[PDB]
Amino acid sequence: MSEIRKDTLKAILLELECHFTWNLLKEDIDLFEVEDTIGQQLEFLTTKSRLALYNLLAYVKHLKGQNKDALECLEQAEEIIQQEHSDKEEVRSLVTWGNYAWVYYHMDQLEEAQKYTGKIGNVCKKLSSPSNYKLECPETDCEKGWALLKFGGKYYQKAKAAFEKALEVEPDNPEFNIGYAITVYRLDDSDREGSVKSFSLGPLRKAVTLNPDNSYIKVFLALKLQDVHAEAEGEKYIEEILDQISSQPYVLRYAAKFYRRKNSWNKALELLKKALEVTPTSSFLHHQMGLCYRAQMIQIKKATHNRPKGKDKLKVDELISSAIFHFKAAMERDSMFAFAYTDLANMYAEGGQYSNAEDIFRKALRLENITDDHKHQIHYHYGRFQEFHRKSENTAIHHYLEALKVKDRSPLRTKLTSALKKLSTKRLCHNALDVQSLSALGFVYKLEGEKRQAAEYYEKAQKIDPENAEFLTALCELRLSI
């Protein structure tokens, strides 16, 4: 090209609406997992927009440094536009064209990139857009919503807003309602301060009514009914779904979750195995298998008062071995799957494989780009491992504190404060000058709103370690609290 035809192009590129401008960061996902599962959905979730899936795959290919392959994906997108969006060819091409411009930009084919921005600017003008190189569009809001969801729990609020934007235009659009309801469904399980949420129940009912032939949306409704103690109603939906479809991994896997949660583990395993025939590498399926084996194992341990003998013991050890295999497989398929790490590590611990559990816990504690909620739970589980398996009370205290610092309102809050109190009190009976324990009690009382008692503990800790910066800050906060 030339400089400043370039410098102008870069400005335009930033004005586009497409994946490159939606702040989808590669560090937040396992690129191989995301790439692989997009392909699986193209094959096995046939109700999801192929156009959106190929646009997204193209972006992911670019993120792997495979710009040449990104182009082939966008060509597939263009074919789908003719196949399924012929009547709206131009407006449906904007995201694809945007991705094209950015990919050609990254390949240093600036002239080619400018061709695409030109086509975009053209269509926007034709359609009376208030912006030069983008166009407000419910369809695009929906695509963005799904792209956001795919980048993980950090994006769920942004995804909800994106679907809301689409529903503002078409409140009764079948596709828009599915996206919204699923987003709200996931948020019901995200960042819980407490008990089960069911804000998705209404949206799910609507989405289901608007999509009467869609077994994928229906399975979430069944799960939500289970959550709200309408298990019998939800189970009838499951039965009806399983009559209408077969072998669909994105439906079976959720039916299997439903059955597991009412302790029908053999049925769950049956469904999961059927799904695995179709998609053997799915981290979701492997995690679910692990959960099933874990539950069966726990039932036996409980029945035999944690002292299984003979064949019960042989069975427990097989289940531990099988749970490990599947948790490990899930973790190896998806490096960002926090619960796969913690579930694997906990099972290693259960089996007395402490070196293996420590290795996994270490990796889990170094995951930077997961949600604070997940970091919170990792600290909690490492803490318990330290407390009950390593018998290392000060390491446990450290991680219980880290858990509360990352997230201080969650369903683990009282387990965390009560364990800290117990441990710190015990240690202070042995050594009244134990600074960590004094500091821990200061932290917990501060958290509980007992300002005066907290200040007393921090003052005792500061008396011993006068230059401590954490203790000075805590005391200032306590003095200045309104």
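One rule holds for the numbers: they count along the sequence shown, beginning at 1.
- Higher mean CA temperature factor between 162-170 and 329-337: 162-170, per the PDB entry.
- Taking only CA atoms, the mean B-factor in the PDB entry is higher for 108-116 than for the other of 108-116 and 390-398.
- Which of 363, 125, 224, 381 has the largest Cα B-factor in the deposited entry comes down to 125.
- Across 238, 228, 314, 271, the greatest Cα temperature factor reported in the deposited entry is at 314.
- In the deposited entry, the Cα temperature factor of residue 195 sits in the top third of values across the chain's modelled residues.
- The deposited CA B-factor of residue 308 belongs to the highest third of values across its chain.
- Looking at the C-alpha B-factors along this chain, the one for residue 19 belongs to the lowest third.
- Ranked against the other modelled residues of its chain, the C-alpha B-factor of residue 9 as given in the entry falls in the highest third.
- Among the modelled residues of the chain, residue 78 sits in the highest third by CA temperature factor in this PDB entry.
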